[PDB]
Structure formats: structure tokens, C-alpha cells
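Protein chains in written order, with this note's numbering: chain U, 300 to 686; chain Y, 300 to 686; chain C, 300 to 686; chain H, 300 to 686. Notes follow once the structure below has been shown.
There are 4 protein chains.
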Amino acid sequence: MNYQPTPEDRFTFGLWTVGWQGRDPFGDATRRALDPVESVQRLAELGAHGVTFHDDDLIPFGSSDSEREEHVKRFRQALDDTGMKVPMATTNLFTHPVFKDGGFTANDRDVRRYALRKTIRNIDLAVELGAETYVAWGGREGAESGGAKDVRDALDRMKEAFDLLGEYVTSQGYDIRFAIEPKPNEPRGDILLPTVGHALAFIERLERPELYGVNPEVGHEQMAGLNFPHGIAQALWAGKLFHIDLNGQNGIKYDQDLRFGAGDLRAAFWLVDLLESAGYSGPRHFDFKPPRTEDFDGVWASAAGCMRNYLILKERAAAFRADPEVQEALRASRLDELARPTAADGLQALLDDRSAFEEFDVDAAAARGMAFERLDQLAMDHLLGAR
Amino acid sequence: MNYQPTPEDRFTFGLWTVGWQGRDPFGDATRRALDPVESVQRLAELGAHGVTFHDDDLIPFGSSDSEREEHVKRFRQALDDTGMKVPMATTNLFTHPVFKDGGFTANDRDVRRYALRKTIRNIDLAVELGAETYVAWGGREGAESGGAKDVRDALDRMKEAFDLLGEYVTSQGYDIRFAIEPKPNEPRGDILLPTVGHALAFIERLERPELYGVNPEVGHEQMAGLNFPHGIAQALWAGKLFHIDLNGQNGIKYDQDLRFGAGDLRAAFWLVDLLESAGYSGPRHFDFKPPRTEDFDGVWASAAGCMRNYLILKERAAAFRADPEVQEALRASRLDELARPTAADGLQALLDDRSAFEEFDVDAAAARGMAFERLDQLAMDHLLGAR
Amino acid sequence: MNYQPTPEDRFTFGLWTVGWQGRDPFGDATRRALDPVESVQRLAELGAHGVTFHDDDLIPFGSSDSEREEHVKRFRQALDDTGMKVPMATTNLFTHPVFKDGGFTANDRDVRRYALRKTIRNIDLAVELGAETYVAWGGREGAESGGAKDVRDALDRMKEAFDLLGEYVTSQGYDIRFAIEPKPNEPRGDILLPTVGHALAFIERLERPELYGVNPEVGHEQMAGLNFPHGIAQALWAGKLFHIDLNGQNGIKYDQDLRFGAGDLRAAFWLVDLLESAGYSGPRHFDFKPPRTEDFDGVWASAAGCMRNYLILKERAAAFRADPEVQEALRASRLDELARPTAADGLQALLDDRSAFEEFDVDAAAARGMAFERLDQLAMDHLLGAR
Amino acid sequence: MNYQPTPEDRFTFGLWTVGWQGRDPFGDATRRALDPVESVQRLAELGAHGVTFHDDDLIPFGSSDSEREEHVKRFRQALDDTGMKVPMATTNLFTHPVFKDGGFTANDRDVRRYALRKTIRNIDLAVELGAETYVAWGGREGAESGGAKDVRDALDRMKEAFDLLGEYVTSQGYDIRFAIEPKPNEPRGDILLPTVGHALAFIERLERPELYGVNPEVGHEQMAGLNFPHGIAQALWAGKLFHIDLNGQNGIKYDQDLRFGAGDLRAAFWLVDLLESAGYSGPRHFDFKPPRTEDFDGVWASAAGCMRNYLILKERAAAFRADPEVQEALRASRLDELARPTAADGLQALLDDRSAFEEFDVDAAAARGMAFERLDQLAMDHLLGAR
Ligand SMILES: OC[C@H]1OC[C@H](O)[C@@H](O)[C@@H]1O
Ligand SMILES: OC[C@H]1OC[C@H](O)[C@@H](O)[C@@H]1O
Ligand SMILES: OC[C@H]1OC[C@H](O)[C@@H](O)[C@@H]1O
Ligand SMILES: OC[C@H]1OC[C@H](O)[C@@H](O)[C@@H]1O
Ligand SMILES: [Mn+2]
Ligand SMILES: [Mn+2]
Ligand SMILES: [Mn+2]
Ligand SMILES: [Mn+2]
Ligand SMILES: [Mn+2]
Ligand SMILES: [Mn+2]
Ligand SMILES: [Mn+2]
Ligand SMILES: [Mn+2]
């Protein structure tokens with residue numbers, strides 16, 4: 300009881316994750332810059348299935364079109380040498396000072412045109428490399444002060460940018476979908492579409508909604524004090540869980556990005572319970588930063604523990620759902636009754652049913668216990684291996 | 300410079316607001332129970348336009364159908380004597396112990412049938428009394444522990460309950476819409492559809508979405524650390540701001556419900572700026588609790604300051620938008636450019652525009668300042684009357 | 300692997316905990332009122348060591364002095380019949396409407412005199428029943444608005460109240476100490492001495508500081524987003540961990556009071572690691588509320604899981620500290636070096652040590668990894684039983 | 300009604316504030332690097348009284364001792380040319396990768412020796428330049444994971460470091476005090492002494508406590524959801540408000556550092572009310588970052604609005620306290636009674652006073668209203684200039 304990943308677990312990492320050199324808003328870098336080749340080799344050794352990338356993780360901002368190709372060719376060699384895939388790719392529209400007021404909602408209209416052209420060039424690459432999902436994190440879309448952004452106009456510009464992306468993909472015939480990744484704040488004071496629910500809502504107003512879903516990340520819902528497995532339940536109920544970012548976060552503070560398992564560990568248990576019982580079948584992607592305390596040995600430790608923690612919690616969630624005593628408890632708590640329709644008899648029948656009101660014994664019903672605490676300690680004893 | 304409401308400002312209060320007897324989770328009541336008649340009289344004197352009610356604020360839980368009528372008739376007299384309206388009404392599906400695991404998503408299916416029948420009886424009343432909007436706050440829909448609620452099944456039950464309400468209203472021919480009011484937590488650990496964005500998303504999956512919008516409340520988005528005027532911008536951009544609850548809240552903690560102005564005062568300025576410049580024309584409804592320190596004189600003080608603060612902030616937001624120097628600033632900050640389409644030239648033109656990429660000077664563009672701090676102190680000097 | 304408490308584990312519960320009838324700020328009670336006798340019997344059966352009480356949990360507010368005695372005598376019988384102890388007692392200065400603006404810092408001076416007399420009468424009882432610690436939670440000391448409380452004057456009144464308590468105990472010859480329990484907010488907007496650190500600071504200004512320590516509670520530091528085991532480390536470093544309240548809390552929201560283990564489970568692991576390795580030897584007291592979903596079977600389940608979770612986490616923290624690989628890791632991470640003095644050579648030696656500055660190789664030192672991620676996955680594999 | 304600072308308002312800025320080049324954890328710098336000379340000139344023109352500095356803001360890390368002197372001499376010239384003072388100085392023990400696990404509590408003992416020697420060299424400079432206060436922000440003292448730092452050992456190392464600093468200052472005969480600046484988190488997961496209350500407590504355990512106070516910052520208490528004017532009240536009640544950092548923050552999130560007034564504006568009103576009515580007479584120091592949207596014109600706008608907002612709020616707090624109606628209200632609310640001793644009659648008299656218990660009419664007393672809402676709208680109408 301040992302927990303060894305293989306490439307079939309679908310574990311992926313961004314280049315920026317094991318590649319983060321530990322430069323924070325108060326500190327210089329503490330690690331040198333990894334070659335993308337490197338990282339591909341090391342990650343394949345650890346059992347990973349693939350990697351993801353921003354355009355500028357792969358090709359240095361500014362690159363000519365003969366360096367560009369060079370970068371790509373090296374990359375491609377390493378994937379072919381290791382068997383690693385590239386399921387997902389994304390654009391950096393945050394680093395470069397030109398992005399300081401956003402990329403698709405920046406007040407300057409020339410910036411907003413340049414954000415779309417940067418994006419479209421990388422969609423073509425991603426498609427080349429075989430990615431299925433193209434993520435958009437608008438981390439610079441938002442404001443520090445209430446008169447600097449009209450939000451209605453800015454959502455109009457964001458819808459315009461996603462609609463022209465949708466056009467371009469369907470005009471090229473590409474098989475690629477888009478996944479918006481919410482974040483509530485940081486590095487802007489407030490970030491537009493700050494949660495999964497605001498990103499799901501916004502999708503429903505694009506021209507082609509079936510092209511877009513979400514990429515929620517553990518630590519960014521938690522940065523609003525929200526229940527991340529409830530978030531993901533709703534995204535699954537909408538049909539829009541295209542991709543996920545897995546990692547940890549200790550409560551409402553700056554975005555920590557700790558390895559997956561760290562943070563809220565019970566939330567991580569019920570998230571694995573839910574992905575595996577809903578049958579999510581996209582990549583289990585880790586968007587994490589190895590703390591800057593760490594050297595490169597710490598880096599590969601940290602990326603391994605991500606995968607380990609995922610497999611342990613999988614095993615404990617599967618044994619919980621398999622346990623007859625737990626399935627008895629779930630009946631005692633009437634989760635079987637939550638899955639049945641309230642009134643499949645229809646409205647008229649409901650309205651003529653005296654047992655539904657006139658002759659409903661409210662006291663007898665209020666007196667029933669829900670038996671949730673016994674059910675939740677069962678879940679505790681399963682996660683701790685006490686069962 | 301004086302700020303006197305009239306019934307044309309559309310100011311409304313819930314019965315439960317000035318009626319709250321100050322019973323908290325650690326303390327007994329500190330004020331006796333007001334007659335609904337009372338409150339109607341006192342509120343009309345203060346300049347209010349109307350009141351709102353839960354079924355059980357008006358008619359005591361349990362009431363026969365000859366007390367029921369009695370209650371209603373008294374009520375009706377007071378409205379006719381004062382000219383007060385009833386724009387909005389709502390159901391109590393939280394107080395009574397039968398609701399302890401929810402009303403439309405309670406695990407027991409009999410409870411869920413009884414929640415719908417209670418609801419439908421009050422829709423008929425509301426319609427009688429002339430309300431235009433029927434609010435649903437599911438404050439007991441949610442969980443304290445992750446195995447006690449399957450969220451996918453529970454959203455299925457919530458959609459079923461709202462769809463049968465929609466059926467019933469359109470079968471009766473009623474002119475009534477529904478407004479879901481999010482809250483992230485309290486009194487459940489976590490509450491389903493915790494934010495405006497999750498409530499907007501959920502709406503898009505009902506059978507008749509055009510019947511449903513939102514009733515956001517200041518202090519409940521703030522309980523997630525979210526920017527309430529950005530929330531309301533998005534609800535306005537979706538066409539779904541049916542009703543609002545106005546009040547204050549100091550940050551991420553239990554739901555304070557302070558009078559409107561208290562709390563985040565700058566957030567209250569940019570919320571009034573936005574309602575009045577978007578032309579919101581529903582009720583300005585105050586969902587607040589006069590602190591339990593207060594006697595009944597404190598109560599009517601507190602409900603007056605709600606209205607005052609709203610009028611002061613209206614005047615300061617109007618003088619800010621009217622000020623030529625502020626309109627110069629907003630051009631300096633390129634809010635005029637945020638309102639223009641990014642690419643009304645279309646995708647092909649964008650892609651053949653060299654000035655959009657190949658010949659876009661990114662340094663010159665990154666060098667421009669956005670001039671937001673000068674713009675935001677203008678907004679500060681306007682709100683403080685320093686202008 | 301089974302985890303059975305005994306009275307030697309020092310497990311205690313307040314009467315108010317298993318006794319909470321589930322009345323919340325939106326809902327009526329869902330359970331009838333337990334006799335204190337009852338609770339003493341049931342808790343002894345579960346393995347508990349004792350109970351604690353507010354004056355008004357035991358004797359009904361208002362009680363004559365012949366009911367008073369009656370109450371006490373019954374109580375006393377049950378303790379003698381079960382062997383249960385009463386290590387800690389406390390005053391209700393929150394419920395009764397007279398307390399609405401506080402008890403020792405209420406603006407009315409007559410209230411403040413009545414708070415002290417209520418307190419002193421219960422210190423005499425507590426002493427009768429054998430308690431060693433007298434807790435003070437000033438849950439109504441604080442304000443909703445900034446002009447309603449001058450905080451300097453209020454800390455003067457709080458110091459005056461604690462100094463006269465100290466006088467009274469040392470004039471009576473009682474062996475009793477006091478423990479202040481911080482809470483940051485709820486039911487007041489803001490509560491004075493909101494954290495362990497503000498309560499430790501305040502102690503240092505009383506006349507007899509050696510009489511006072513703290514009673515921190517898991518969920519109340521977490522309500523400020525603070526690291527509860529770091530809090531308790533500091534209280535232990537000051538010599539002031541007199542008593543503790545154990546329970547759970549999911550982040551920054553209203554005070555949930557979930558059973559102990561729920562909430563932040565990793566925080567609960569490092570808190571047990573720290574109490575047991577520092578050798579805390581007071582009561583392990585559970586200040587929790589069985590959710591109002593629950594019937595009385597749910598109640599006793601919930602109070603059992605408190606104790607279970609504590610024993611499981613004890614075992615996992617002991618196996619982590621006992622593991623040779625973990626003790627190697629802790630050397631790799633230089634926790635051995637953190638325990639050594641920086642400069643026991645003294646200031647002059649430090650200043651003449653060239654290896655400390657002039658000839659300190661800062662790059663070589665920055666290059667060392669701290670090896671914390673490998674150390675923290677070891678801790679994860681120990682808590683999950685994966686080791 | 301105009302609000303013009305002069306050098307007598309005691310307004311100071313850190314070099315790092317107007318000097319921040321806008322490099323964030325997702326973005327490059329958006330402004331070039333200001334010469335310290337520059338900033339001194341520009342700030343004197345705006346009305347400032349002085350500046351503050353980290354060692355490494357002034358002299359580039361690594362500097363020889365002939366560049367060192369050069370740096371200092373230029374600096375000195377600009378102060379002499381403008382009349383600017385240097386009231387406060389501080390050490391950078393956060394940037395350099397050697398600091399990645401802290402400076403005075405870093406696990407490596409050699410680091411901790413090098414942190415103290417860096418510190419002591421800058422105390423000598425500060426003393427040269429005339430500073431009265433030496434701040435310590437331990438922004439890298441803390442941990443991301445619970446086994447990486449034993450907090451008891453780390454507080455022992457922090458006390459050792461502050462005690463040897465105290466020794467060195469009193470051995471040199473310097474007139475300099477120390478001010479610890481709390482922060483709850485960022486850039487570490489958790490930061491030791493996270494609040495004012497934990498920093499006040501810790502002080503009481505140093506060898507010479509009278510040498511140390513606090514430097515609270517608005518936005519860092521707010522990052523715990525705490526009431527910053529209550530914090531500062533307690534620091535004033537302890538005699539330990541040595542210095543302050545003024546700025547804004549919108550709630551519990553990453554450290555924004557917005558100009559002073561932005562953020563919680565009502566909290567800023569009651570903080571100015573309190574500093575000016577307590578007669579705080581240290582520097583009003585602004586620790587803020589001009590957002591990275593801004594060019595250098597935005598920079599000097601932002602630093603001006605800091606000072607403006609402070610003067611406006613001063614005027615509004617003075618007119619509130621001067622208003623007879625407000626002084627009537629404060630009597631109605633019994634703030635006069637909060638300032639009187641509870642029992643200056645002594646314990647025995649309290650205990651023999653029947654009017655204090657046996658014959659205390661609790662109902663009559665609970666029935667009194669506190670009249671706080673009328674008092675708080677008066678405060679609202681004063682801050683908005685509506686009065
Ligand atoms: O999508 C791009 C990635 O870009 C950087 C963000 O910090 C991270 O959340 C994200 O997933
Ligand atoms: O909608 C009903 C009202 O019910 C009680 C809730 O606490 C309040 O938020 C709400 O607006
Ligand atoms: O100290 C008395 C007890 O009183 C009730 C409080 O809610 C709880 O935190 C506390 O421990
Ligand atoms: O004390 C030094 C200064 O150092 C940088 C910190 O971010 C700031 O809070 C502080 O005041
Ligand atoms: Mn993140
Ligand atoms: Mn991410
Ligand atoms: Mn509310
Ligand atoms: Mn509401
Ligand atoms: Mn609690
Ligand atoms: Mn407690
Ligand atoms: Mn700061
Ligand atoms: Mn600071």
C-alpha cells in the first residue's frame with residue numbers, strides 16, 4: 300500500500316507549475332529556469348500522462364518565427380520520446396505590461412485586438428499538438444476601483460472576444476472546445492466572472508454555448524469561501540465540466556496553489572468521490588506551485604505527492620461507497636428519496652393530494668432525525684483508514 | 300440639504316425587518332412583536348412606498364381559514380388607509396422544524412411536496428394583494444456535511460420545484476414572476492446556488508427561463524468576498540435584475556443585515572451609481588435588522604437612515620457623472636473605448652490587420668497610463684462632498 | 300482498530316452542547332430540552348470524563364433559592380452516580396436581553412455591576428462543584444457601529460471587571476483560575492479581544508496576570524482565517540493554555556461549532572500533534588452543536604464522533620513522530636537547527652564573526668532546499684494511514 | 300474646500316511605495332525604477348514631511364562600501380535640499396532567496412545570524428539619518444505546512460533576535476525604538492505574530508518590553524476580517540502605538556495596499572477619529588502601491604489622494620465630535636457612563652449593594668434602547684457632508 304500513477308490515470312501538469320522559479324510579489328526567484336524538455340522527461344518518469352502550456356511558456360515572448368519553430372520541434376521530440384500528450388493549452392494574456400488593464404476587456408481597443416490575435420495564433424499551435432481543450436483565465440480582466448470599468452460594457456467585450464474565437468474554430472473545422480477558468484480576485488482587485496456560477500451564466504449568452512465549459516480550480520472557489528465539490532456538482536449538472544485544475548488552498552487569502560491534498564483535505568475527498576462517481580473522464584490536471592522553500596528535488600516530490608494524494612483519496616472514496624453499512628446509512632438519511640421526483644404525478648395531482656397539505660402531519664415529519672452525523676463519521680473513518 | 304423620501308422613490312421594507320424582535324443564535328428577543336398593521340402605518344409615515352411579506356409574517360403558522368381571512372382583511376384595511384403597496388411576497392420555508400433539511404430539496408419527498416403546496420397557496424395570496432414578484436430564498440437548501448446531499452440530485456429537485464411553480468402561474472394566467480435570492484451559507488454550512496452567478500446559471504436550465512430572475516442582496520454576495528456592484532452589472536447584462544435587497548455588511552462573517560449605507564459605504568455608492576444609470580425601475584427594498592440594542596424609536600431611526608442613505612448616495616453619484624471634469628477623466632481612462640466593439644470589422648478583417656499584431660507596437664501601448672487613480676479620487680471627492 | 304474513550308482521556312462536554320435544541324437565527328427548535336441529569340448519564344456512558352456548565356444551563360434564570368438548591372442537588376446526585384467531574388464552569392452574560400450591549404463593558408453602569416454580581420455567585424457554585432477553571436466568553440462585548448463603544452474606555456471596564464474577580468477569588472482563598480475565550484464577531488459585529496493574541500496581550504495588563512489564561516476555540520480563530528495550531532503554540536509558549544474548546548469550522552463564516560474532526564481536518568491533526576507533544580494536561584473539552592437535522596440518536600453519535608476523531612488523530616500524530624524516516628526528514632529540513640540558539644555566543648561574538656556577514660556565502664545558503672514538501676507528504680501519508 | 304497638506308501634517312511615504320514598479324506574482328514591471336532622489340524631490344513638492352526606507356531600497360544589495368557611501372551622500376543631499384526627514388527605517392529580510400524560510404526564524408542557524416548582522420548594520424544607518432523608529436515586518440517568518448516550523452522554537456528564536464537587537468541599541472546609547480508590523484499571511488501560508496494582538500502579547504515576553512511597540516497596517520488586520528480601529532484602540536490602551544501604516548484594502552484577499560481612503564472608507568473615518576482624539580503624534584505613514592495600471596502621473600496622483608483623504612476625514616471627524624447634537628446623542632447612548640468606573644466603591648461595597656442584584660430590576664434595564672442607530676446615522680451624515 301502502494302499508490303503509483305500510470306499514464307492511464309490521466310495525470311497532467313502545466314509547464315508553469317514545476318517550472319515556477321519562485322518569484323513572489325516580495326521575493327526573487329529561488330530556482331533556475333527549467334527547459335520544457337526537461338520537465339517533459341521528468342514528469343514522464345513520475346507517471347504523468349501529459350503536460351499543458353501557455354504560449355509564452357513554450358516560445359519566449361518576442362521569438363522570431365525561426366526560433367518559434369525550433370522551440371516547437373524540440374518540444375515535439377521530447378513528447379515523441381516519452382509518449383506524453385498535450386491535452387490542453389492556453390494563452391498568457393497577463394504577464395506582459397501591455398495586459399495591465401486586461402486582454403479581451405482592456406479599455407484600449409488596440410490591446411483588445413492584439414489579445415485576440417495572440418490567442419488565435421496559439422489555438423493553431425494547440426490544434427497542431429493535439430490539445431482537445433483551450434483554457435481562458437482572464438486574470439487581468441477586472442478593476443481596483445469602481446469607475447475604471449463599466450462591467451456591462453466589459454461583458455459585452457468579453458462576449459464579443461469569445462464569439463469571434465468560436466467563429467474562428469468552426470470556420471477552421473477544428474475540434475477544440477473552450478474552458479473558462481474563474482478566479483475571484485488577484486492580481487486585479489476584483490476579477491470578472493469571479494466564480495464557476497458567474498462563468499456558467501455567462502456561457503449561456505454566447506452565440507455558440509455548446510463550445511464553451513468551465514475549468515474550475517480548487518483554490519479559486521475557496522478564495523470565495525465556496526464549497527468546491529458543490530461547484531463542480533453544478534458544473535456537472537450543466538454538462539460543462541470540460542477540464543479541472545486540482546491543487547490546495549488554506550481558506551480565503553492569496554492564491555496559494557499548494558499541491559493537491561494540501562489545503563482542505565475533506566473537500567479534496569468529497570471532490571474525488573464526486574469526479575469518480577459522476578465518471579468525469581477529462582485530464583486530472585495539477586495547477587500547483589512547489590513552494591519557493593524547495594530545491595528541484597522538492598519540486599519533483601511535490602508533483603509526485605499530487606498524484607499520490609489523488610490515488611489514496613480515490614481508494615478511500617470507493618471503499619466508502621462500496622461499504623454496505625454506508626449504503627444502509629445513506630438510506631437511513633433518505634438520499635434514495637432525494638433522487639426520486641417530487642411530483643411525477645404532476646401539478647394537478649399534487650394540488651388534489653390532501654396528504655401533501657391539509658392532512659400532512661408536520662410534527663411527525665419534523666421529528667424524524669436525518670442521521671447525517673452518523674453518516675459523516677462513517678465518511679471520516681473511511682478517509683482515515685479507521686475502516 | 301435635506302433628503303426626504305416620498306412614495307415615488309419606491310422604497311419598500313419587509314414586515315420581518317422592522318418586525319425583527321432581536322432573537323439571535325445567543326440571546327432572547329429584546330423587543331415585543333409588532334402588529335403588521337402597525338408597521339404599515341409607521342412605514343407610510345416615514346415615506347415608504349410599500350411593504351413585503353412571508354406568508355407566516357402575515358398569517359400565524361397553523362392559522363385556521365377564518366383567522367386567515369381576518370389577518371388578511373385587517374392588513375388590507377391598513378394598505379387602503381395609507382396607500383401602501385405590496386410589490387413582492389415570499390414563502391417561509393426555513394423556520395418550522397419540518398424545514399430542517401430544506402423545503403424544495405429536503406431529502407424526505409413528503410416534505411418537498413408540502414413545501415410546494417405551502418408556496419402555491421401564498422402565490423395566490425400575493426396575486427390577490429397585487430405583488431408583481433415572488434421571491435424564493437432557499438436558506439435551508441444545502442448541507443453541513445458532504446455525504447448528506449447529492450448536489451446533482453438536489454438541483455434536479457430544485458429545477459422540478461421551480462418548473463411546477465412556473466406551470467402553476469401560467470396555468471392560472473397570473474402576472475407574476477419569480478426572483479431567486481442567493482446566499483452562500485448560514486443557516487446551512489453551505490447553501491445551494493450560493494451566489495448571483497450560480498442562480499443566473501441555474502435559471503438557464505428551467506423550462507421557462509423568462510419567468511425567473513434574481514433578487515441579489517448586498518450582504519449575501521459580500522459574505523463571499525464578492526464585488527456586489529459587479530454582480531448586479533452581470534445580472535443587468537443578463538436581463539434578470541427583477542428585485543434587489545438593500546442593506547450593509549462588514550465583510551465575510553455572519554449575515555449582519557445592517558441598514559443600507561452601513562457596511563461597505565463605497566460599494567453602496569457604486570451600487571446606486573449603477574442602478575440609477577442603468578435605470579433600474581423595480582422597488583428599492585430594504586432587507587435589514589435593526590440591531591437588538593435598539594428600542595422601537597431605534598427601529599424607526601434605522602429604517603429612516605436606510606432611505607436617507609440611498610438619497611444622499613444618489614445625489615453624489617449623479618453630481619459625479621454630471622461633472623465635466625469627471626467626463627474628461629473617463630475619456631482619459633478610455634471608458635469610451637471600452638464601449639466600442641473590438642472588431643466590428645469582423646474576423647477576417649482582424650486576421651488580415653497587421654496593426655493588430657505583426658505591426659502592433661506593444662511597448663508604446665504598455666507605456667500608456669490608465670489614469671484610474673485620478674478618476675477614483677474624483678469619485679472619492681464627490682462621495683464626500685469635497686466637490 | 301478500535302478507538303474507545305475512557306474517563307482517563309479527559310474528554311468533557313458543555314451541557315449546552317448536547318443540550319442545544321437547534322434554535323438558529325432563522326428556525327425554531329427541532330429537539331426538546333434535555334434534563335442536565337440525562338446528559339450527565341448519557342455522556343458517562345459514552346466514555347466522557349466530565350461536564351461544564353453556564354450558571355443558566357443548570358439553574359433556570361430567575362430560580363428562587365429553594366429551586367436553586369433542588370437543581371444543584373439533583374445534579375450532584377447524577378455526578379456521584381456516574382463519577383463525572385465538573386472541571387470548568389462559566390457565566391451566561393449573553394442570553395438575557397439586559398446583556399444586549401454587553402455585560403462587563405455594557406454602556407450602562409448598572410448592568411455592568413449586575414454582570415459582576417451574577418458572575419461571582421456562579422464562581423462560588425463552580426468552587427463547590429470542584430471546577431478548577433472559570434471561563435469568560437464576552438460574546439456581547441463589542442459593537443455594530445464605530446461611535447457606540449469607545450474601545451479604550453471599554454478595555455478599562457473589562458480590566459476593572461477581571462481585576463475585581465481576581466480580588467474576590469484571592470480574598471476567598473479559592474483555587475480557581477480564569478480563562479478568557481476569544482471570538483472575533485457574532486453575535487456582535489465586532490467582539491473585543493477578538494483573537495488569542497488580543498486576549499494574551501490584555502492579560503498582561505491585569506493586576507494579577509498569573510490568575511488568567513486563555514480558552515481558545517478551534518472554530519473562533521478560524522473565523523479570522525488564522526492558523527489555530529500556531530495560535531495554541533503561542534499560548535503554550537506564554538504559559539497560558541489553561542483550557543481549550545475543541546470543534547470544527549469550514550472557513551470564515553458564521554460560528555458552525557461542528558463536531559471535532561469536521562472542518563479543517565489537517566488543522567485538527569497538527570493541533571493534536573501539538574497538544575500531545577507539548578504534554579497539555581487540561582480537559583479536552585468539546586464545544587460543538589449537533590446539527591439541528593439530527594434527532595437525539597444523531598446527538599449522541601455526534602458527541603461520540605468528537606472523541607473518536609481525537610483518538611484516531613492522536614494515534615496518527617504519534618506514529619508520524621515515532622517514524623525514523625520522519626525524524627530523518629525533520630533533520631533534512633533543519634528543524635533540529637531551529638531549536639538551537641542563534642547566538643548563544645553573545646552579541647559581541649556575533650558582531651566580530653566574519654562568517655556571519657563579511658564572509659557569509661549567501662548564494663550557497665539560498666541554494667539549499669528546505670525539503671518541506673517531502674516532509675509534508677510524509678505527514679499526509681501518516682494521517683491517511685498510507686503508512 | 301481645499302485640503303492641502305503641509306510638512307506639519309507629518310505625512311510620510313516609504314521609498315518602496317511610489318517606487319513600486321508594478322511587478323506582481325502574474326506580471327512584469329509596468330514602470331521604470333525611480334531614483335530615491337527623485338522620489339524625495341517629488342514627494343516634498345506634494346507636501347510630504349519625510350520618507351522611510353529598507354536598507355536595500357537605498358543601497359543595492361551587494362553594494363561595495365564606496366558605492367554605499369555614494370548612495371547615502373546623494374540621499375542626504377536631497378533631504379538637505381528639500382527639508383525632508385527620515386522618521387523610520389527598516390530591513391529587507393524578505394526579497395533575497397537566502398530569506399526563503401525567514402530571517403530571524405529561518406531553520407538554518409547561519410541564515411538567522413546573517414539576518415541579525417544585516418539588521419544591525421541598517422540600525423546604524425537609520426540612527427545616522429535621524430530615524431526615531433525601526434520597523435520589523437517578518438513577512439518570511441511562518442510556514443506553508445504544519446511540520447516545517449515548530450512554532451514554540453520559532454518564537455524562542457524571534458525573542459532571541461529582538462532581545463539581541465535591544466541589547467545592541469542600549470549598548471550603543473541609541474535613541475531608537477522598535478515597532479513590529481503584523482501581517483496574517485502572504486507571502487508565507489501563515490505568518491508568525493499574524494495580528495496586532497499576537498504582536499502586543501509577544502512584546503510582553505521580551506527582556507526590555509519598553510523598547511518595542513507595534514506598527515499596525517490598515518490592510519493587514521483587514522486581511523483577517525478584524526476591526527482596524529478596535530485594534531489600534533487596544534494598541535493605544537497598551538501604550539504601544541509607535542508608528543502606523545495607512546492604506547486601504549477591500550476585504551479578505553491578497554494584500555492590496557490601495558491608497559489610503561480606498562477600501563473600507565467608514566473604517567478609515569473611525570480610524571482618523573480615533574488617532575486625532577487620542578492625540579497620536581507619530582508619522583502618518585502611507586504604505587501603499589500605486590496600481591500597475593498607472594504611469595508616473597498616476598503615481599503622484601495616488602500619493603496625493605492619500606494625504607487628501609486623510610485631511611478630508613480629519614475635518615469630518617472633528618465636525619462630528621464638535622456637534623452639540625452628536626454630544627447629546629453620545630449621552631443618550633450612555634458613552635458617558637462607559638467612561639465611569641463600574642465599582643470604584645470597591646468589591647465589598649459591590650457585594651453588599653442590593654441594587655446591584657437582589658433588587659436590580661432586569662426587565663426595566665433590558666427595556667432601555669441604546670439609541671446607537673440614531674448615533675450612527677449622525678456619523679454617516681457627518682462623513683458625507685449631509686451635515
Ligand atoms: O489558465 C492559465 C493558468 O494561468 C495562470 C493562472 O494563475 C492559473 O490559474 C491558470 O490555470
Ligand atoms: O426572501 C425571504 C427573506 O427571508 C429571510 C432571509 O433571511 C432574507 O434574506 C430574505 O430576503
Ligand atoms: O464560554 C461559554 C460558552 O458560551 C457560549 C459560546 O457560544 C461558546 O463559545 C462558549 O465556550
Ligand atoms: O516594514 C517593511 C515594509 O516592508 C514590505 C511590506 O510589504 C510592508 O508591509 C512593510 O511595511
Ligand atoms: Mn490558483
Ligand atoms: Mn488554474
Ligand atoms: Mn441577509
Ligand atoms: Mn434578503
Ligand atoms: Mn464557537
Ligand atoms: Mn467555545
Ligand atoms: Mn500591506
Ligand atoms: Mn506595511
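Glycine included, every Cβ here is placed at the ideal spot set by N, Cα and C.
Put simply, the CB of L557 (chain C) is near chain Y, with a gap under 8 Å to one of its CB atoms. Here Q533 (chain H) is not near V571 (chain H), since their CB atoms are 8 Å or more apart. Chain-order list of chain U residues neighbouring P483 (chain Y): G524, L525, by C-beta distance under 7 Å. Taking a beta-carbon distance threshold of 8 Å, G604 (chain H) counts as an interface residue toward chain Y. In the DSSP assignment, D489 (chain C) forms a beta bridge with C:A442.
Against chain C, the CB of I551 (chain Y) has a partner CB under 8 Å away; the residue lies at that interface.
Remark: three or more beta-carbon pairs, one from each stretch, lie closer than 8 Å, so the segment 469 to 485 of chain Y and the segment 548 to 559 of chain C are flagged as touching. Taking every residue with its beta carbon within less than 5 Å of a heavy atom belonging to ligand 6 gives, in chain order, U:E516, U:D544, U:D586. According to the DSSP assignment, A435 (chain C) belongs to the beta strand (DSSP E) that extends over 432 to 435. Judged by beta-carbon spacing, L491 (chain H) lies within the 8 Å limit of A453 (chain H), meaning their Cβ atoms are closer than that value. Using a Cβ-Cβ cut-off of 9 Å, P623 (chain U) is close to nothing in chain Y; its nearest Cβ partner there is about 15 Å away. Between ligand 2 and the CB of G438 (chain Y), the shortest heavy atom gap is smaller than 7 Å. Close partners of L634 (chain U) in chain C (Cβ separation under 8 Å) are lacking, with about 13 Å as the shortest Cβ gap.
Along the segment 452 to 474 of chain H, the positions whose C-beta sits under 8 Å from a C-beta of chain C are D452, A453, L454, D455, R456, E459, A460, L463, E466, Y467, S470, read in chain order. Proximity of the segment 645 to 655 of chain C to the segment 535 to 542 of chain C falls short of the contact definition, fewer than three beta-carbon pairs being nearer than 8 Å. In this structure, DSSP gives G326 (chain C) an extended state, which the three-state scheme calls strand.
In terms of Cβ geometry, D556 (chain U) and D586 (chain U) form a close pair [threshold 8 Å].
With distances taken between CA atoms, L424 (chain U) lies nearest to U:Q471 out of U:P324, U:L637, U:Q471. Relative to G581 (chain C), the option among C:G349, C:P623, C:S365 whose CA is nearest is C:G349. In terms of side-chain proximity, the C-beta atom of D323 (chain Y) is found no nearer than 7 Å to any non-hydrogen atom of ligand 9. Restricting attention to U:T389, U:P335, U:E459, U:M387, the CA atom closest to the CA of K372 (chain U) is found in U:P335. Rounded to whole angstroms, the gap between the alpha carbons of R322 (chain U) and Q340 (chain H) is 31 Å.
Between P528 (chain H) and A603 (chain C), the alpha-carbon positions lie close to 42 Å from each other. Membership of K417 (chain C) in the alpha helix (DSSP H) is indicated by the continuous run 408 to 428. Among the CB atoms of chain C, none fall inside 8 Å of the CB of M387 (chain H). For the segment 498 to 522 of chain C, the full-length beta strand (DSSP E) segments reaching 3 residues or more read 511 to 513 along the chain. Chain-order list of chain H residues neighbouring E443 (chain U): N549, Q555, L557, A561, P590, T592, by C-beta distance under 9 Å.
For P386 (chain U), there is no enclosing alpha helix (DSSP H); the residue is found in the beta strand (DSSP E) stretching over 384 to 389.
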